[PDB]
Protein chains: 2
Amino acid sequence: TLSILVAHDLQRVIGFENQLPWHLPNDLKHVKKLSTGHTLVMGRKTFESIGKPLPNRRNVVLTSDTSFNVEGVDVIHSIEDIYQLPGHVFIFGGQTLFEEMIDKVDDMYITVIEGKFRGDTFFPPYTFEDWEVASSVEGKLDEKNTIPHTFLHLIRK
Amino acid sequence: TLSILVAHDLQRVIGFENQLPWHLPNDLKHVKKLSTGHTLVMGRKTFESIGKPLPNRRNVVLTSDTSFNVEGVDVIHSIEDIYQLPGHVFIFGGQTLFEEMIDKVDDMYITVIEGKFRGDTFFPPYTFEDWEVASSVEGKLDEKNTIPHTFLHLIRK
Ligand SMILES: NC(=O)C1=CN([C@@H]2O[C@H](COP(=O)(O)OP(=O)(O)OC[C@H]3O[C@@H](n4cnc5c(N)ncnc54)[C@H](OP(=O)(O)O)[C@@H]3O)[C@@H](O)[C@H]2O)C=CC1
Ligand SMILES: NC(=O)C1=CN([C@@H]2O[C@H](COP(=O)(O)OP(=O)(O)OC[C@H]3O[C@@H](n4cnc5c(N)ncnc54)[C@H](OP(=O)(O)O)[C@@H]3O)[C@@H](O)[C@H]2O)C=CC1
Ligand SMILES: COc1cc(C(C)(C)C#Cc2c(C)nc(N)nc2N)cc(OC)c1OC
Ligand SMILES: COc1cc(C(C)(C)C#Cc2c(C)nc(N)nc2N)cc(OC)c1OC
């Protein structure tokens, strides 16, 4: 199983200046709930934004930088390597990895952030022609989660 | 001057179940700055959501209820009475007063909430064909103000 895991806004913004344009705890919970005990594949710039690997899962970083060495983090150097990773693998970002993998994944877990933010990185366009809505769940709002959001699970037709 | 004063979302939602669907401190300050020392005109249901008049300005409530009696609150019974109120009058809501007044105001101060919220009351459709953008200012996001928003001042051509 190859899955995309992404949060994007109404215009498909996923980031600004190497950061998330919003903070939504319930979505971090959704990421944790889904990828804990599985595998995350991510591009080099996305990793730098985190700095430390995420606990209780395999962290895999894609980069051409051949001297790349961070502890608790596995390194790969081409897209072809991704298919040799075992288990549920989540394409975790960022923009360039999402662009390379959208045509290859079996399904997508997309959190639609129901708002318009300033961004400089984007999730690629996609149409509901190619994607079956397996589920759509409206995010619950409270004092920590103030932007409306929708959990979509999309499966390639 | 007869002005509209409103906060609406990307689908022109202004309320849900007689409350605001969001909380935006910077927009409350925008209301304070703009209306203090002038007049707010509002519908009965909008008033009942507040309960007490707002400080440092004339509060006028529109209702057909001839028994309506609240201290600090002026009462009118026809739309025609709005035109005999002196100074800068802000049409303050809600949906029904906005519907009655949109074709009559000189201008509108609209805070666009750049998100999609669940609502049951709406600001009427308007086109930028009939309205000049006097100013458009991006709201500043901090820890207390988490939803993107834009302050619009629109003037009838
Ligand atoms: N909202 C969301 O769901 C998420 C948002 N983001 C956001 O995305 C932005 C970062 O995205 P972006 O700038 O595109 O960068 P990426 O995170 O996708 O990193 C790009 C890097 O990945 C490496 N790489 C990509 N493809 C290959 C390949 N085929 N072979 C070898 N190496 C490859 C290269 O590294 P190198 O140059 O070292 O060789 C490249 O510079 C940030 O703003 C971040 O916040 C990220 C994930 C999720
Ligand atoms: N986001 C925003 O900028 C704002 C949002 N709101 C929201 O709007 C919603 C309320 O809107 P809505 O339900 O339409 O109610 P309104 O506040 O507009 O009031 C409706 C009532 O106003 C009185 N009224 C209106 N027109 C007349 C008239 N021509 N003659 C006599 N009386 C009149 C009537 O009261 P009566 O029945 O007693 O005669 C009518 O029932 C709330 O959810 C509130 O949160 C409100 C203001 C701003
Ligand atoms: C999972 O937590 C983080 C996610 C992220 C990124 C931005 C890389 C992500 C993501 C992501 C989110 C938040 N939601 C969904 N649905 N998918 C994603 N890939 C960065 C972090 O550092 C700031 C994180 O915490 C340390
Ligand atoms: C401005 O104060 C309030 C406004 C309001 C309403 C919702 C009536 C309003 C409004 C309004 C806002 C928030 N922004 C803009 N730009 N215009 C408005 N008319 C309700 C309140 O309590 C329930 C308020 O606090 C006392």
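Letters go in sequence order (proteins before strands), and every chain restarts at 1. Because only heavy atoms are used, hydrogens play no part in the values below, and waters and symmetry mates are left out as well, while side chains stay in.
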Please check if B/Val6 and B/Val31 belong to a single hydrophobic cluster, counting links between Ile, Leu, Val, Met, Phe, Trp and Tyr side chain heavy atoms closer than 4.5 Å.
no
I'd like a table of all donor-acceptor pairs linking chain B to chain A (distance under 3.5 Å, no angle check), giving the atom names and the distance to one decimal.
| residue | atom | partner | partner atom | Å |
| --- | --- | --- | --- | --- |
| B/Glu114 | O | A/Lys116 | N | 2.9 |
| B/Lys116 | N | A/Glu114 | O | 2.9 |
| B/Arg118 | NH1 | A/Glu138 | OE1 | 3.3 |
| B/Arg118 | NH1 | A/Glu138 | OE2 | 3.4 |
| B/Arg118 | NH2 | A/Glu138 | OE2 | 2.7 |
| B/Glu138 | OE1 | A/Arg118 | NH1 | 2.7 |
| B/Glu138 | OE2 | A/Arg118 | NH1 | 3.4 |
| B/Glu138 | OE2 | A/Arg118 | NH2 | 2.8 |
| B/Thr146 | OG1 | A/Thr146 | OG1 | 2.5 |

Are B/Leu85 and B/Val61 connected, step by step, through hydrophobic side chains (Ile, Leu, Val, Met, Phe, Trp, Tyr) whose heavy atoms are closer than 4.5 Å?
no
In this structure, would A/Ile113 and A/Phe151 fall into the same cluster of hydrophobic residues linked by side-chain contacts under 4.5 Å?
no
Can you list the other members of the hydrophobic cluster that holds A/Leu28, where links are side-chain heavy atoms under 4.5 angstrom apart?
none
Co-membership, hydrophobic cluster, residues B/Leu62 and B/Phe123, 4.5 Å side-chain
yes
When clusters are formed by joining ILVMFWY residues with side-chain heavy atoms under 4.5 Å apart, either directly or through shared neighbours, do B/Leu2 and B/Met42 land in the same one?
no
